[PDB]
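Asks: I have a structure I would like to understand better, so I am pasting it below and will then ask my questions one at a time.
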Amino acid sequence: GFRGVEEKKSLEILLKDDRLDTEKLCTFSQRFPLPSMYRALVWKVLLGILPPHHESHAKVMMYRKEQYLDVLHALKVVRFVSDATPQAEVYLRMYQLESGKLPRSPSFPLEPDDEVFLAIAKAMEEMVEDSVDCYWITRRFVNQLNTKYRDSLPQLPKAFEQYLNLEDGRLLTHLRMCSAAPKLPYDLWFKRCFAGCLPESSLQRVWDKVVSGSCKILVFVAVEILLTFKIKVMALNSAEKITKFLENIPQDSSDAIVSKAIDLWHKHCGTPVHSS
Amino acid sequence: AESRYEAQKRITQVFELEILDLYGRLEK
Amino acid sequence: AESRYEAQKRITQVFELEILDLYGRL
Amino acid sequence: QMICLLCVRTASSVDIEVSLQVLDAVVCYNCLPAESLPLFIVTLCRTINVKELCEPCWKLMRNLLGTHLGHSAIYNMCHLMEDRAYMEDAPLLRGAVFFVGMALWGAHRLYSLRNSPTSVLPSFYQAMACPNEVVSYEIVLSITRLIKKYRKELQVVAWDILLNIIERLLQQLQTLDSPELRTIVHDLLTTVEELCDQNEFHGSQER
């Protein structure tokens, strides 16, 4: 079955309209993966980097590029960044400047928020080719974590504890016998949004859903992580060993991890339905 | 466009902070 | 909004030239 | 260093008065060593909270800021307001707020200091990182002076930082429940409104 063709053509129809319906684009992003050629466009549109009207994209990208170059040149002028500075750290400093949270000098150690943004920025670099697009996608994504999900993300660990049992109760019982449930890497999974845990070629399938309003996809991604590694987790026998394994999971099974996490999230939270 | 203007406000904020830094660094 | 941006851009330009001068004097 | 540690450690306050006099001698007729500047500044921020010694302490700080170490001292006092090791040191934060504000927009402003208010107000905001009635009272008094005097001079970026400060003050009033702070914050709002009426307010009326 050529369902990939159906998905791509439906998205091209959603993108053909002179006004892009962000609600339909969100529902599509929930229900299907984004083709890689339209992922940056659709992420820009849902993150509000580009407005719904397609005509306005040229001028708004001029605005975004001007803002990016102005902030970057300013960081160069106050010597906060340099040409050697990694692109992710450049994005971190640009975000700090734009949010008014720039330190006095780059030698000031990173705050936890800074490391979280840096991790998401590193992951974005591999997903988005263009530096301006990558920076804007990164900043809007992290801002969604701090604004659209400031209350939802803290609930995610409990949702993990719930759905983990609901798919294999004995597995969560195995974890709680180790009393390792509060020591699982929730800051990685839900503040850094699996940046640095999954390869970006499949972390992007997660982030399609995170952009389109779903941070529970993160819960199900973690759940499918532990379901995929049942053979290993049921052989794990210590809280610290579990914590270290979960921060460095084998990356080979990650494509299937995210695919089955999306399947699980479509099974437990239902299939998205187009509005009438 | 207003995001551009806000970015320039922040560029001003860091430039003014840096001018204070540089004057304090230069009058030694 | 464009004029606001251009005026703030010029203000930052003056401060940028001051910063480059002060750094040059270091 | 020895006189500053005296001021920190002494039980007697006349000792602090003559210490401020000796430091005035060091600042005026000699050179304050640039490496003694942070401890000197911390000492004055501590001393400016003693009621009987504010006038000598402010005169000493003004004389120091009249030397070449003035911009350096303003930057150090902003560093104190921003450093996390001093979040709980309320008297020192209050003193730094008082000093930076009085030097840059007080009646005793030093017109030799080239710094715009924009450069130091983020430090005022960070001085309120840990809520403290007296620190916020000094913040709002200093900002009241800055606004009531330099409303025309205050451009949009300065008003951004001032509105962020007023927002953090209004947050604190949900928890400090202090009537003197509440009164001057709401008077400050009323003056900002009057400046909106006179069209001398250049900040974001939306915010």
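Chain lettering (A, B, ...) mirrors the order of the structure tokens, residue numbering begins at 1 for each chain separately, and ligand numbering begins at 1 in order of display.
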Would you list the contacts of stretch 81-92 of chain D as number ranges by chain, taking every protein, DNA or RNA residue within 7 Å and counting only C-alpha atoms, but skipping same-chain residues closer than 4 positions in sequence?
Replies: D: 42, 45-46, 49, 77, 96, 123-124, 126-127, 129-130, 132, 135
Asks: Those same residues - N, CA and C atoms - I'd like them written as a CSV table (one decimal), in the first residue's frame.
Replies:
```csv
chain,number,residue,atom,x,y,z
D,42,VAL,N,31.9,46.4,48.6
D,42,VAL,CA,31.1,45.6,49.5
D,42,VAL,C,31.0,46.3,50.9
D,45,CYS,N,28.5,49.1,50.6
D,45,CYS,CA,27.2,48.6,50.5
D,45,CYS,C,26.6,48.2,51.9
D,46,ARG,N,27.5,47.6,52.7
D,46,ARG,CA,27.1,47.2,54.0
D,46,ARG,C,26.9,48.4,54.9
D,49,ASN,N,23.7,51.0,55.0
D,49,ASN,CA,22.5,50.6,55.7
D,49,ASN,C,22.5,51.1,57.2
D,77,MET,N,29.3,47.1,41.4
D,77,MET,CA,28.1,47.1,42.2
D,77,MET,C,26.9,46.4,41.4
D,96,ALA,N,24.0,48.4,47.1
D,96,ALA,CA,24.4,48.5,45.7
D,96,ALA,C,23.4,49.2,44.9
D,123,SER,N,20.7,44.8,36.4
D,123,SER,CA,21.2,44.5,37.7
D,123,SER,C,20.2,44.8,38.8
D,124,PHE,N,19.5,45.9,38.7
D,124,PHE,CA,18.4,46.1,39.7
D,124,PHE,C,17.4,45.0,39.6
D,126,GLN,N,17.9,41.9,38.8
D,126,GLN,CA,18.5,40.7,39.4
D,126,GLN,C,18.7,40.9,40.9
D,127,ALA,N,18.8,42.1,41.4
D,127,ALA,CA,18.9,42.3,42.8
D,127,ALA,C,17.6,41.9,43.5
D,129,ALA,N,16.1,39.1,42.8
D,129,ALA,CA,15.9,37.7,42.5
D,129,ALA,C,15.4,37.0,43.7
D,130,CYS,N,15.9,37.3,44.9
D,130,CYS,CA,15.3,36.8,46.2
D,130,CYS,C,14.4,37.9,46.8
D,132,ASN,N,12.9,40.7,49.0
D,132,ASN,CA,13.3,41.4,50.2
D,132,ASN,C,12.6,42.7,50.2
D,135,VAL,N,15.2,45.8,50.1
D,135,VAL,CA,15.9,45.9,48.8
D,135,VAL,C,14.9,46.4,47.7
```
Asks: Sorted by chain and rising residue number, which residues of chain A lie within 12 Å of chain D, and what are their closest atom pairs and distances in Å to one decimal, counting only C-alpha atoms, as a tab-separated table?
Replies:
```
residue	atom	partner	partner_atom	distance
A:99	CA	D:160	CA	11.9
A:100	CA	D:122	CA	8.7
A:101	CA	D:122	CA	9.5
A:102	CA	D:122	CA	10.6
A:103	CA	D:82	CA	9.6
A:104	CA	D:79	CA	8.8
A:105	CA	D:79	CA	11.8
A:108	CA	D:83	CA	10.9
```
Asks: Determine which residues of chain C sit within 10 Å of chain A, taking into account only C-alpha atoms, and present them as an mmCIF file with C-alpha atoms, in the first residue's frame.
Replies:
```
data_model
loop_
_atom_site.group_PDB
_atom_site.id
_atom_site.type_symbol
_atom_site.label_atom_id
_atom_site.label_comp_id
_atom_site.auth_asym_id
_atom_site.auth_seq_id
_atom_site.Cartn_x
_atom_site.Cartn_y
_atom_site.Cartn_z
ATOM 1 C CA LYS C 9 19.293 49.750 14.622
ATOM 2 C CA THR C 12 22.810 50.069 18.305
ATOM 3 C CA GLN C 13 25.057 51.162 15.425
ATOM 4 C CA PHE C 15 26.835 51.844 20.451
ATOM 5 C CA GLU C 16 28.538 49.254 18.212
ATOM 6 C CA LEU C 17 30.987 51.863 16.974
ATOM 7 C CA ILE C 19 32.184 49.298 21.573
ATOM 8 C CA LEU C 20 34.572 48.755 18.664
ATOM 9 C CA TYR C 23 37.836 47.561 22.430
#
```
Asks: Show which residues sit within 6 Å of stretch 2-17 of chain B, as a VMD selection string. Count only C-alpha atoms, and ignore same-chain residues fewer than 6 positions away.
Replies: (chain A and resid 67 98) or (chain C and resid 5 8 12) or (chain D and resid 119 157)
Asks: Would you write out those residues with C-alpha atoms, as a PDB file, in the first residue's frame?
Replies:
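Writing done, so here's result.pdb:
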```pdb
ATOM      1  CA  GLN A  67      16.812  39.432  13.269  1.00  0.00           C
ATOM      2  CA  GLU A  98      16.761  37.837  22.666  1.00  0.00           C
TER       3      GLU A  98
ATOM      4  CA  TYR C   5      13.503  48.965  14.028  1.00  0.00           C
ATOM      5  CA  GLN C   8      16.905  51.169  17.218  1.00  0.00           C
ATOM      6  CA  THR C  12      22.810  50.069  18.305  1.00  0.00           C
TER       7      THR C  12
ATOM      8  CA  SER D 119      23.281  49.472  31.491  1.00  0.00           C
ATOM      9  CA  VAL D 157      14.866  49.941  26.255  1.00  0.00           C
TER      10      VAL D 157
END
```
Asks: Pick out the residues sitting within 10 Å of residue A:168, and hand them over as a ChimeraX atom specification; count only C-alpha atoms, and ignore anything fewer than 6 positions along from it in its own chain.
Replies: /A:223,226-227,230
Asks: Quick one, how far is atom CA of residue A:52 from atom CA of residue A:25?
Replies: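 Separation of atom CA of residue A:52 and atom CA of residue A:25: 10.4 Å.
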Asks: Extract, using only C-alpha atoms, all DNA, RNA and protein residues at most 8 Å from residue C:25, discarding same-chain residues fewer than 3 positions from it, and format them as a list in words.
Replies: residues 26 of chain B; 21 and 22 of chain C
Asks: Export, as a PDB file, in the first residue's frame, the selected residues with N, CA and C atoms.
Replies:
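Result file is result.pdb:
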```
ATOM      1  N   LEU B  26      38.501  49.938  30.895  1.00  0.00           N
ATOM      2  CA  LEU B  26      39.380  50.826  30.154  1.00  0.00           C
ATOM      3  C   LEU B  26      39.906  51.968  31.005  1.00  0.00           C
TER       4      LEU B  26
ATOM      5  N   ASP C  21      35.396  51.002  19.182  1.00  0.00           N
ATOM      6  CA  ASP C  21      36.427  51.964  19.559  1.00  0.00           C
ATOM      7  C   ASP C  21      37.021  51.639  20.927  1.00  0.00           C
ATOM      8  N   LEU C  22      36.167  51.370  21.919  1.00  0.00           N
ATOM      9  CA  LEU C  22      36.639  51.076  23.268  1.00  0.00           C
ATOM     10  C   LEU C  22      37.464  49.797  23.300  1.00  0.00           C
TER      11      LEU C  22
END
```
Asks: For the atom pair atom CA of residue A:122 and atom CA of residue A:188, what is the interatomic distance in Å to one decimal place?
Replies: 13.5 Å
Asks: Using only C-alpha atoms, which residues sit within 9 Å of residue B:27 once same-chain residues fewer than 5 positions away are excluded, as a count of residues only?
Replies: 6
Asks: Quick one: residues within 12 Å of residue D:162, only C-alpha atoms, excluding same-chain residues fewer than 2 positions away - as an MDAnalysis selection string?
Replies: chainID D and resid 117:125 139:140 142:144 146:147 151 154:160 164:169 188:189 192 201:204 207
Asks: With N, CA, C and O atoms retained, could you export that selection as a short mmCIF file (atom, residue, chain, number, x, y, z; two decimals), in the first residue's frame?
Replies:
```cif
data_model
loop_
_atom_site.label_atom_id
_atom_site.label_comp_id
_atom_site.auth_asym_id
_atom_site.auth_seq_id
_atom_site.Cartn_x
_atom_site.Cartn_y
_atom_site.Cartn_z
N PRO D 117 21.17 54.67 32.10
CA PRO D 117 20.46 53.78 33.03
C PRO D 117 20.23 52.38 32.48
O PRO D 117 20.19 51.42 33.26
N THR D 118 20.11 52.23 31.16
CA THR D 118 19.90 50.93 30.53
C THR D 118 20.95 49.91 30.94
O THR D 118 20.67 48.71 31.01
N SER D 119 22.17 50.37 31.20
CA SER D 119 23.28 49.47 31.49
C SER D 119 23.21 48.86 32.89
O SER D 119 23.83 47.82 33.12
N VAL D 120 22.49 49.49 33.82
CA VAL D 120 22.49 49.05 35.21
C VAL D 120 21.14 48.53 35.68
O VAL D 120 21.10 47.79 36.67
N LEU D 121 20.04 48.89 35.02
CA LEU D 121 18.74 48.42 35.47
C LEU D 121 18.55 46.91 35.40
O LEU D 121 17.83 46.38 36.27
N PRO D 122 19.14 46.16 34.46
CA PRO D 122 19.06 44.69 34.56
C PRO D 122 19.62 44.17 35.87
O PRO D 122 19.11 43.19 36.43
N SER D 123 20.66 44.83 36.38
CA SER D 123 21.20 44.48 37.68
C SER D 123 20.21 44.78 38.80
O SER D 123 20.13 44.03 39.77
N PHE D 124 19.46 45.88 38.69
CA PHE D 124 18.40 46.15 39.66
C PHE D 124 17.37 45.03 39.65
O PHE D 124 16.93 44.57 40.71
N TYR D 125 16.99 44.57 38.46
CA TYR D 125 16.05 43.46 38.36
C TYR D 125 16.61 42.20 39.02
O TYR D 125 15.89 41.49 39.73
N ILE D 139 14.88 49.77 45.52
CA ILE D 139 14.69 49.70 44.08
C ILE D 139 13.62 50.68 43.63
O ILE D 139 13.81 51.45 42.69
N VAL D 140 12.47 50.66 44.31
CA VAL D 140 11.34 51.45 43.84
C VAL D 140 11.56 52.93 44.12
O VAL D 140 11.15 53.78 43.33
N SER D 142 14.58 54.43 44.05
CA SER D 142 15.55 54.85 43.05
C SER D 142 14.91 54.97 41.68
O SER D 142 15.15 55.94 40.94
N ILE D 143 14.06 54.01 41.33
CA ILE D 143 13.35 54.04 40.06
C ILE D 143 12.32 55.15 40.03
O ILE D 143 12.07 55.74 38.98
N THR D 144 11.72 55.48 41.18
CA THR D 144 10.83 56.63 41.25
C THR D 144 11.58 57.90 40.89
O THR D 144 11.09 58.73 40.12
N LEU D 146 14.39 58.07 39.07
CA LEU D 146 14.78 57.97 37.67
C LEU D 146 13.63 58.31 36.75
O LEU D 146 13.81 59.02 35.75
N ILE D 147 12.43 57.84 37.08
CA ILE D 147 11.27 58.06 36.23
C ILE D 147 10.76 59.49 36.36
O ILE D 147 10.54 60.17 35.35
N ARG D 151 12.13 61.07 32.66
CA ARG D 151 11.11 60.40 31.86
C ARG D 151 11.33 60.62 30.37
O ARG D 151 11.15 59.70 29.57
N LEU D 154 14.48 58.70 29.29
CA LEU D 154 14.29 57.25 29.31
C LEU D 154 13.71 56.79 27.98
O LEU D 154 12.54 57.03 27.69
N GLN D 155 14.53 56.13 27.17
CA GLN D 155 14.09 55.57 25.91
C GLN D 155 13.40 54.23 26.14
O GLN D 155 13.20 53.78 27.27
N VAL D 156 13.03 53.56 25.04
CA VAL D 156 12.16 52.39 25.11
C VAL D 156 12.84 51.22 25.81
O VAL D 156 12.17 50.42 26.48
N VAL D 157 14.15 51.06 25.64
CA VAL D 157 14.87 49.94 26.26
C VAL D 157 14.96 50.12 27.77
O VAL D 157 14.78 49.16 28.55
N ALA D 158 15.23 51.34 28.21
CA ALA D 158 15.22 51.62 29.64
C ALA D 158 13.84 51.34 30.22
O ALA D 158 13.72 50.79 31.31
N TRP D 159 12.79 51.68 29.47
CA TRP D 159 11.44 51.43 29.95
C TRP D 159 11.10 49.94 29.93
O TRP D 159 10.32 49.49 30.76
N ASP D 160 11.67 49.18 29.00
CA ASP D 160 11.55 47.73 29.06
C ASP D 160 12.04 47.21 30.40
O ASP D 160 11.34 46.47 31.09
N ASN D 164 9.94 45.57 33.52
CA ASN D 164 10.27 44.27 34.08
C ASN D 164 10.48 44.36 35.59
O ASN D 164 10.04 43.49 36.35
N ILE D 165 11.15 45.43 36.04
CA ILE D 165 11.35 45.63 37.47
C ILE D 165 10.02 45.85 38.18
O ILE D 165 9.77 45.29 39.25
N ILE D 166 9.15 46.67 37.60
CA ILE D 166 7.85 46.94 38.20
C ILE D 166 7.00 45.67 38.22
O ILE D 166 6.23 45.44 39.15
N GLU D 167 7.15 44.81 37.21
CA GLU D 167 6.47 43.52 37.20
C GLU D 167 6.96 42.63 38.33
O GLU D 167 6.16 41.97 39.00
N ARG D 168 8.27 42.57 38.54
CA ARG D 168 8.80 41.76 39.63
C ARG D 168 8.41 42.33 41.00
O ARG D 168 8.15 41.57 41.94
N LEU D 169 8.34 43.66 41.11
CA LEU D 169 7.83 44.28 42.33
C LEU D 169 6.37 43.90 42.58
O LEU D 169 5.97 43.57 43.71
N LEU D 188 4.17 54.60 42.25
CA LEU D 188 5.02 54.61 41.06
C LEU D 188 4.20 54.33 39.81
O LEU D 188 4.37 54.99 38.78
N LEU D 189 3.32 53.34 39.88
CA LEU D 189 2.39 53.10 38.79
C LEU D 189 1.58 54.35 38.48
O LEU D 189 1.42 54.73 37.32
N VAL D 192 3.66 56.70 36.52
CA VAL D 192 3.81 56.24 35.14
C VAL D 192 2.54 56.53 34.35
O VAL D 192 2.59 56.90 33.17
N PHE D 201 5.81 59.46 28.71
CA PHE D 201 6.13 58.05 28.89
C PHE D 201 6.46 57.44 27.54
O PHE D 201 5.65 57.50 26.61
N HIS D 202 7.66 56.87 27.42
CA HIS D 202 8.13 56.31 26.16
C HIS D 202 8.23 54.79 26.20
O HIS D 202 8.87 54.21 25.32
N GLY D 203 7.62 54.15 27.18
CA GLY D 203 7.63 52.71 27.26
C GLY D 203 6.45 52.08 26.57
O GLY D 203 5.61 52.75 25.96
N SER D 204 6.38 50.76 26.66
CA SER D 204 5.29 50.00 26.07
C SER D 204 4.07 50.15 26.97
O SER D 204 3.99 49.52 28.03
N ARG D 207 2.48 46.77 27.75
CA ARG D 207 3.01 46.03 28.89
C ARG D 207 2.64 46.70 30.20
O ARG D 207 2.31 46.02 31.18
#
```
Asks: Which distance in Å separates atom CA of residue D:174 and atom CA of residue D:131, to one decimal?
Replies: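 Rounded to one decimal, the two atoms are 10.8 Å apart.
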